[PDB]
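*Asks:* Before I ask anything, here is the structure I am working with.
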Amino acid sequence: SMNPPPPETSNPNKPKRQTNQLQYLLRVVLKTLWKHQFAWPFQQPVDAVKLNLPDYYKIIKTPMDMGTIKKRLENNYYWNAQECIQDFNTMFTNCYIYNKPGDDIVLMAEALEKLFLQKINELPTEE
Ligand SMILES: O=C1CCCN1c1cccc(NS(=O)(=O)c2ccc(F)c(Cl)c2)c1
């Protein structure tokens, strides 16, 4: 089971902009999760080949990871905060869909998601 192309991080005809909320998503939210002890499984797309997960991309049809999110934020790929928040939620949800309750990877996602929720709670008002 081969890996798919990763999610796009560049698309010239996609409308995009910088907002103060998107800056916060990079400087606070992504930075916080990225430095966490449990970040590493989430720092790049799932390599189904090297991880011996041949069913991964038969089950997970909307893959997402923080490597992709990081690049999207660095490239100002998003139009608004909700697009980026949705990417984080997709990443967490994928983990819970694919894996079993109590698996190490799920505990790791749960810890990252708690921090995500704490930071998004203080998302600044736009502009
Ligand atoms: O579901 C996801 C999203 C991100 C990676 N991932 C996933 C699911 C199932 C196995 C693996 N393989 S692994 O990277 O070597 C691994 C990583 C952390 C762990 F705690 C354990 Cl027990 C194994 C990865």
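Here, A, B, ... name the chains of the structure tokens in the order displayed, residue numbers run from 1 inside each chain, and ligands are numbered from 1 in the same displayed order.
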Could you write out, as a PyMOL selection string, all the residues of segment 48-105 of chain A that DSSP marks as alpha helix (DSSP H)?
*Replies:* chain A and resi 56-59+66-74+81-98+104-105
*Asks:* Please provide the set of residues having any atom within 6 Å of residue 43 of chain A, restricted to only C-alpha atoms, with same-chain residues fewer than 3 positions apart removed, written as a list in words.
*Replies:* residues 40, 66 and 67 of chain A
*Asks:* Can you spit out the residues from that selection as a tab-separated table (two decimals), in the first residue's frame, using N, CA, C and O atoms?
*Replies:*
chain	number	residue	atom	x	y	z
A	40	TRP	N	5.81	14.27	17.82
A	40	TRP	CA	6.54	13.68	16.70
A	40	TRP	C	5.69	12.80	15.75
A	40	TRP	O	5.94	12.85	14.56
A	66	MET	N	0.46	18.00	11.31
A	66	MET	CA	0.96	19.33	11.65
A	66	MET	C	2.08	19.81	10.73
A	66	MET	O	2.34	21.01	10.65
A	67	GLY	N	2.76	18.89	10.04
A	67	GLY	CA	3.75	19.32	9.07
A	67	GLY	C	3.07	20.10	7.97
A	67	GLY	O	3.51	21.19	7.57
*Asks:* Looking at only C-alpha atoms, which of A:73, A:91, A:117, A:109 is the one that sits closest to residue 24 of chain A?
*Replies:*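 The shortest atom-to-atom distance to residue 24 of chain A comes from A:73.
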*Asks:* Let me have all residues with an atom within 9 Å of ligand 1, counting only C-alpha atoms and all ligand atoms, laid out as an NGL selection string.
*Replies:* :A and (38 or 40-48 or 50-53 or 56 or 63-65 or 91-92 or 94-99 or 103-109)
*Asks:* Between A:90, A:110, A:72, A:100, which is the closest to residue 23 of chain A once you count only C-alpha atoms?
*Replies:* A:72
*Asks:* Determine, counting only C-alpha atoms, which protein, DNA and RNA residues have an atom within 10 Å of an atom of residue 124 of chain A; residues of the same chain fewer than 3 positions away are not included. Present the result as a VMD selection string.
*Replies:* chain A and resid 20 to 25 120 to 121 127
*Asks:* Determine, using only C-alpha atoms, which residues of segment 65-117 of chain A have any atom at most 7 Å from an atom of segment 27-37 of chain A, and tabulate each with its shortest atom pair and distance in Å to one decimal place, rows ordered by chain and then rising number, as a Markdown table.
*Replies:*
| residue | atom | partner | partner_atom | distance |
| --- | --- | --- | --- | --- |
| A:70 | CA | A:30 | CA | 7.0 |
| A:112 | CA | A:33 | CA | 6.0 |
| A:116 | CA | A:29 | CA | 6.4 |
*Asks:* Quick one, how far is atom CA of residue 76 of chain A from atom CA of residue 9 of chain A?
*Replies:*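 Here the two named atoms are 9.1 Å from each other.
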*Asks:* For residue 17 of chain A, work out the shell of residues within 8 Å, counting only C-alpha atoms and skipping chain neighbours fewer than 5 positions away, then give it as a PDB file with N, CA and C atoms, in the first residue's frame.
*Replies:*
ATOM      1  N   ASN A  76       1.023  31.127   4.177  1.00  0.00           N
ATOM      2  CA  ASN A  76      -0.216  31.904   4.192  1.00  0.00           C
ATOM      3  C   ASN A  76      -1.272  31.325   3.259  1.00  0.00           C
ATOM      4  N   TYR A  77      -1.458  30.012   3.336  1.00  0.00           N
ATOM      5  CA  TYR A  77      -2.335  29.252   2.446  1.00  0.00           C
ATOM      6  C   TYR A  77      -3.818  29.425   2.752  1.00  0.00           C
ATOM      7  N   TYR A  78      -4.118  29.762   4.002  1.00  0.00           N
ATOM      8  CA  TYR A  78      -5.496  29.858   4.460  1.00  0.00           C
ATOM      9  C   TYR A  78      -6.182  31.180   4.158  1.00  0.00           C
ATOM     10  N   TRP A  79      -7.506  31.132   4.045  1.00  0.00           N
ATOM     11  CA  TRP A  79      -8.323  32.337   3.971  1.00  0.00           C
ATOM     12  C   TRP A  79      -8.730  32.805   5.362  1.00  0.00           C
ATOM     13  N   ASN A  80      -9.056  31.865   6.241  1.00  0.00           N
ATOM     14  CA  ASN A  80      -9.483  32.228   7.579  1.00  0.00           C
ATOM     15  C   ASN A  80      -9.080  31.199   8.622  1.00  0.00           C
TER      16      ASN A  80
END
